[PDB]
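Presented below, as structure tokens, is a lone chain in the form solved without adenosine-5'-diphosphate.
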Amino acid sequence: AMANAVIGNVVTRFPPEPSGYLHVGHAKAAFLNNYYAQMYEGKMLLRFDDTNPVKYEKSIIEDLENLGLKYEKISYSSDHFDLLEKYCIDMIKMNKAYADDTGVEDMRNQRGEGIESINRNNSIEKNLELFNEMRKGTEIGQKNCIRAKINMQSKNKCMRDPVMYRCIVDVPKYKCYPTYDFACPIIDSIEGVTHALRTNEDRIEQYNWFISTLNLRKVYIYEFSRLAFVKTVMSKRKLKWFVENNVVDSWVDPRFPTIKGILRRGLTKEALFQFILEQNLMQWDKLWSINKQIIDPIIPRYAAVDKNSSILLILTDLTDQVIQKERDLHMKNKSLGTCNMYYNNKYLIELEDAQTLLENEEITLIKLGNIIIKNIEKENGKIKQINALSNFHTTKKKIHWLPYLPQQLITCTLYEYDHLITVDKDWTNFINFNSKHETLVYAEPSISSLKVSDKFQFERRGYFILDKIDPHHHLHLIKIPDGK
């Protein structure tokens, strides 16, 4: 619900902290801000929330582009600190704010037991004196913070004189800083936000109090539920730990809930958006199934066999001459176009498939035709070769295959990931330090027409995305989870 939303006069804002990389939680917020702006033909601001002192701007911008989210203007919270100071003084002069030098623990306990602080009835002139000390960074100032003067006996703790301005001397222009709670309603009013979105985890009463106490233009708050996932570390400290200890070797690792990582993992922005519109810690299965049903009809198909367990199949009635036929990259989608298929008398099949055969049995080699198995050569116990006869011109065993043309077979590594932690929510006890499985395969020559980040399907094998191309023509392909 966008309260009193008017077509052409809605302004939302996405306000991420430039203190890290966007993760998928951020994605629900950035998407919903764009979704309500577009619904009402409005505007979406990008605001870097730099309220408290701590260059990720570039990464955030690039993720927001990757998600296809455009914004009308970029701002910083710090852009308005002068204005916030002015309002804080106005607050003091309406006796709506006071300087308090009570310590942290005793202030929490006073707030709990609803007892008004000693300084709550400081004069205006004294409050202004002490705020000036806060502004100049003196030890007096560092002892003081400005609180709003609301209602210490209110049933809602956020209305019990919340802190507005704090003195911060230590960490890197300004010696006092507004709090998030004070900065956020004022900046939203002055930037022209009409509908401010945020997580439902209330501060709504206090935010409204700040706006009306200062007679600013009203701003509506819409709450949404935070999106977080099982078995997913999103604490920035622990992500740092992963990187620093060489568990992953970068912040874009496909096991990281970061936006870059997940796209690298194979997720479409469409799948994420659709999951959000259709949707505590959520389960990944619904998201990857939505992704699969989005990408399956519009990606090519290719074949691959295990490079070393594959068995040599020989059609003994054919010659070594290489026949090549055109085929469709997608059997039920002619737009994706054609590839070239190559065949000979010699083929590669999976040992999984080879050890299921027996003499005088008909099977199909997919996209080629049926063959009749005649014998199985086994040396040392394991299957050495399969001899069959061509019958290309009834069967339940349709298997994939590759031509045994080693100088054209493209060599690939398949990376299959699992979750970095093992429980859903000393934590390092539950790290799967072994969540990156590699398998080497041969694939079809035509797969060389694929470019980086192209998505595709390996027949009877699953879904993959081309992450990188190696020297001497080797591909690195990430398996995309499919839900089932």
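The first residue of the sequence shown is number 1, and the count goes up from there.
Below, we turn to the form solved in complex with adenosine-5'-diphosphate, even though it does not appear here.
Considering adenosine-5'-diphosphate in the entry with it bound, the lone stretch of 451-459, 427-435, 62-70, 24-32 in range is 24-32 [heavy atom distance within 4.5 Å].
With the partner removed from view, the residue among 76, 251, 284, 224 that has a non-hydrogen atom within 4.5 Å of adenosine-5'-diphosphate in the entry with it bound turns out to be 224. Screening 324, 123, 199, 316 for any heavy atom within 4.5 Å of adenosine-5'-diphosphate in the entry with it bound leaves a single hit, 199. Heavy atoms of residue 17 reach within 4.5 Å of adenosine-5'-diphosphate in the entry with it bound, making it an interface residue.
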